Every structure is written in C-alpha cells, then in structure tokens.
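Okay, so here's the structure we're looking at.
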Amino acid sequence: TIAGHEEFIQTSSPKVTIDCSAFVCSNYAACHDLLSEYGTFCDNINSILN
Amino acid sequence: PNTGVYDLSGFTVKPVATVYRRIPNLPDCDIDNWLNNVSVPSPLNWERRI
Ligand SMILES: *[C@@H]1O[C@H](CO)[C@@H](O[C@@H]2O[C@H](CO)[C@@H](O)[C@H](O)[C@H]2NC(C)=O)[C@H](O)[C@H]1NC(C)=O
C-alpha cells in the first residue's frame with residue numbers, strides 16, 4: 001500500500017522592533033536628558049535588531 | 001543622508017486634567033455647622049471648641 005505522514009519545518013519568526021528610549025525613559029524629560037549621556041546604546045540596540 | 005526607512009519618534013505632553021481621588025478620612029470637625037449652629041452663643045456664655 002502507500003503510507004503517509006507530514007512534517008513541519010520552521011523558516012521564520014516574528015520581527016520584533018523596540019523603541020529603546022520609550023522603553024527605558026518613557027515620557028519624562030529628565031530621563032531623556034540623563035539617557036543622552038550614555039550615548040550610543042539605543043543606536044546599537046536598534047542596529048542589531050535591524 | 002542615504003535612502004531608507006527611518007523610525008522617527010513622536011511627541012506628546014499631557015499636563016491637563018488631574019483627577020486626584022485620594023480616599024478621604026473622617027470628614028471634618030464641622031465648624032461649618034458650628035458657626036451656623038442653631039444654639040447661637042452670647043458674650044456671657046461664649047463657646048469654645050478645640
Ligand atoms: C447646635 O448645637 C446644639 C448644642 O450646642 C445641638 O443641640 C444638641 O442636639 C443633640 C441632638 O439633637 C442633643 O442630644 C443635645 O443634648 C443638644 N445639645 C443641647 C445643649 O441641648 C444642635 O444639634 C446643633 N445643631 C446643629 C444644626 O448643629
């Protein structure tokens with residue numbers, strides 16, 4: 001006779017993007033002024049996710 | 001700058017409309033009832049409440 005079975009292979013994932021400053025320093029301006037002196041942190045996280 | 005899709009950030013500030021529920025205690029000593037009290041004092045029987 002002829003038997004049959006099926007298999008699944010995963011080829012992708014959901015594409016998560018993160019606003020780094022709104023995750024860290026949501027809306028308050030003192031937090032944004034403090035986060036500016038860390039420099040290239042949010043840009044490195046955005047670059048890796050891109 | 002180069003050609004591309006850039007994720008530029010937005011802005012909003014909301015200082016309006018504080019609502020402030022704050023669980024009131026025992027309400028008042030009710031001197032708005034005592035200055036308007038039905039027993040009106042005299043100088044001879046002047047009334048003091050602490
Ligand atoms: C105004 O003050 C008088 C007393 O200064 C209050 O009269 C008292 O009323 C309660 C209940 O009706 C009685 O148990 C007391 O004995 C009363 N006091 C006296 C001296 O008789 C009156 O209730 C107050 N009224 C308002 C609207 O605050």
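Ligands are numbered from 1 in the order shown, chains are lettered A, B, ... in the order of the structure tokens, and residues start at 1 in each chain.
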Could you list, as a CSV table (one decimal) with N, CA, C and O atoms, in the first residue's frame, the residues of chain A having an atom within 12 Å of chain B when counting only C-alpha atoms?
```csv
chain,number,residue,atom,x,y,z
A,17,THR,N,10.4,44.8,16.9
A,17,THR,CA,11.1,46.1,17.0
A,17,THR,C,10.9,46.8,18.3
A,17,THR,O,9.8,46.6,18.9
A,18,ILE,N,11.9,47.5,18.8
A,18,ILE,CA,11.9,48.1,20.1
A,18,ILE,C,12.3,49.6,19.9
A,18,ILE,O,13.4,49.9,19.5
A,19,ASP,N,11.4,50.5,20.4
A,19,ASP,CA,11.8,51.9,20.6
A,19,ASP,C,12.5,51.9,21.9
A,19,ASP,O,12.0,51.6,23.0
A,20,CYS,N,13.8,52.2,21.9
A,20,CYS,CA,14.7,52.0,23.0
A,20,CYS,C,14.5,53.1,24.1
A,20,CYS,O,14.4,52.8,25.3
A,21,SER,N,14.3,54.3,23.6
A,21,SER,CA,14.1,55.4,24.6
A,21,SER,C,12.8,55.4,25.2
A,21,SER,O,12.6,55.7,26.4
A,22,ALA,N,11.7,55.0,24.5
A,22,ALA,CA,10.4,54.9,25.1
A,22,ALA,C,10.3,53.7,26.0
A,22,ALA,O,9.4,53.7,26.9
A,26,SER,N,10.3,56.5,29.5
A,26,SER,CA,9.1,56.5,28.7
A,26,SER,C,8.6,57.9,28.1
A,26,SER,O,8.6,58.1,26.9
A,27,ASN,N,8.3,58.8,29.0
A,27,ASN,CA,7.9,60.1,28.5
A,27,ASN,C,8.6,61.3,29.2
A,27,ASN,O,8.5,62.4,28.7
A,28,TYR,N,9.2,61.0,30.4
A,28,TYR,CA,9.7,62.1,31.2
A,28,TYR,C,11.0,62.7,30.7
A,28,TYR,O,11.9,61.9,30.3
A,29,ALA,N,11.1,64.0,30.7
A,29,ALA,CA,12.2,64.7,30.0
A,29,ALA,C,13.5,64.6,30.8
A,29,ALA,O,14.6,64.7,30.2
A,43,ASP,N,21.2,53.3,19.9
A,43,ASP,CA,21.5,53.2,18.5
A,43,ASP,C,22.1,51.8,18.2
A,43,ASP,O,21.8,51.2,17.1
A,46,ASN,N,19.1,49.3,18.3
A,46,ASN,CA,18.3,49.5,17.0
A,46,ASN,C,19.1,48.9,15.9
A,46,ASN,O,18.5,48.3,15.0
A,47,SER,N,20.4,49.0,15.8
A,47,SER,CA,21.2,48.5,14.7
A,47,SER,C,21.2,46.9,14.7
A,47,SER,O,21.1,46.3,13.7
A,50,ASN,N,17.8,45.7,13.6
A,50,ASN,CA,17.7,45.9,12.2
A,50,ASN,C,18.5,44.9,11.4
A,50,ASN,O,18.0,44.4,10.3
```
TODO: Counting only C-alpha atoms and all ligand atoms, name the residues that have an atom within 8 Å of an atom of ligand 1; the answer should be given as a ChimeraX atom specification.
DONE: /B:33-34,36-40
Filtering to C-alpha atoms, could you give me those residues as a PDB file, in the first residue's frame?
```pdb
ATOM      1  CA  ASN B  33     -22.178  73.513  61.180  1.00  0.00           C
ATOM      2  CA  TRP B  34     -20.960  75.144  64.423  1.00  0.00           C
ATOM      3  CA  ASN B  36     -24.052  78.173  61.733  1.00  0.00           C
ATOM      4  CA  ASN B  37     -25.316  76.346  64.830  1.00  0.00           C
ATOM      5  CA  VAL B  38     -28.930  76.734  65.983  1.00  0.00           C
ATOM      6  CA  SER B  39     -27.744  77.431  69.544  1.00  0.00           C
ATOM      7  CA  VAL B  40     -26.344  80.920  68.995  1.00  0.00           C
TER       8      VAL B  40
END
```
- [ ] Please measure the separation of CA of residue 2 (chain B) and CA of residue 37 (chain A), giving the value in Å to one decimal.
- [x]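 Spanning CA of residue 2 (chain B) to CA of residue 37 (chain A) is a straight-line distance of 26.2 Å.
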TODO: To one decimal in Å, tell me the separation between CA of residue 48 (chain B) and CA of residue 30 (chain B).
DONE: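 So the two atoms, CA of residue 48 (chain B) and CA of residue 30 (chain B), lie 13.6 Å apart.
DSSP on the backbone gives alpha helix (DSSP H) for these parts of region 15-47 of chain B: residues 31, 32, 33 and 34 of chain B.
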